[PDB]
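Each chain, written out:
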Amino acid sequence: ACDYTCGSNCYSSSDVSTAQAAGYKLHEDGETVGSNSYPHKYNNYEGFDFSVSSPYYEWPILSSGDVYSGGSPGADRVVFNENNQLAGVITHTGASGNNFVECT
Ligand SMILES: Nc1nc2c(ncn2[C@@H]2O[C@H](CO)[C@@H](OP(=O)(O)O)[C@H]2O)c(=O)[nH]1
Ligand SMILES: [Ca+2]
């Protein structure tokens, strides 16, 4: 069973922890990857009820199982905070335009 289901993509907790660790490391070092500069601030315009405090940062999680290193980020993202706490896993899949919905 999937711990997080983003559309058709299936992710386990280990998939999320691995992606999160990479994104947080880049955040700490003040570095970014890709043309859209990840990781970067996630403003939460959607208004999700996150259990952890802001600021939030978004980082791509890939269905391939690889850690994001540039190029197309796909539709899925892990959102973490300043303390490297997982806020949640969100996706563009099933959401209009560039909006997000939570992965179930
Ligand atoms: N939908 C949405 N996009 C946000 C939010 N905060 C920042 N963004 C950025 O706005 C764009 C929406 O897809 C993305 O930028 P990016 O294109 O540079 O990755 C996304 O990272 C937010 O709260 N909601
Ligand atoms: Ca996996």
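Residues numbered from 1 in each chain as written, not as in the entry; some residues may be left out. Chains lettered and ligands numbered in written order. Heavy atoms only, no water.

In the nomenclature of the PDB entry, the chain corresponds to RIBONUCLEASE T1 from the organism Aspergillus oryzae. The PDB lists this entry under the title "RIBONUCLEASE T1/3'-GMP, 9 WEEKS". Under the heading Catalytic activity, UniProt records this for the chain: "[RNA] containing guanosine + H2O = an [RNA fragment]-3'-guanosine-3'-phosphate + a 5'-hydroxy-ribonucleotide-3'-[RNA fragment]." UniProt, in its Subunit section for the chain, records the words "Monomer." (UniProt positions renumbered as here; feature names shortened; annotations may be inferred.)

Caption draft 1: Expanded view of the side chain of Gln20. Of note, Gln20 is situated in helix α1 (residues 13-29). Relative accessible area serves as the criterion here: at 9%, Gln20 is assigned to the buried category. Not counting the four nearest positions on each side in its chain, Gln20 is found in contact with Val78, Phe80, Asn84, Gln85 and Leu86. (Helix = DSSP H or I, 4+ residues; strand = E, 2+ residues; numbered from the N terminus. Buried < 20%, exposed > 50% of the residue type's maximum accessible area, 1.4 Å probe, protein only. Contact = heavy atoms within 4.5 Å.)

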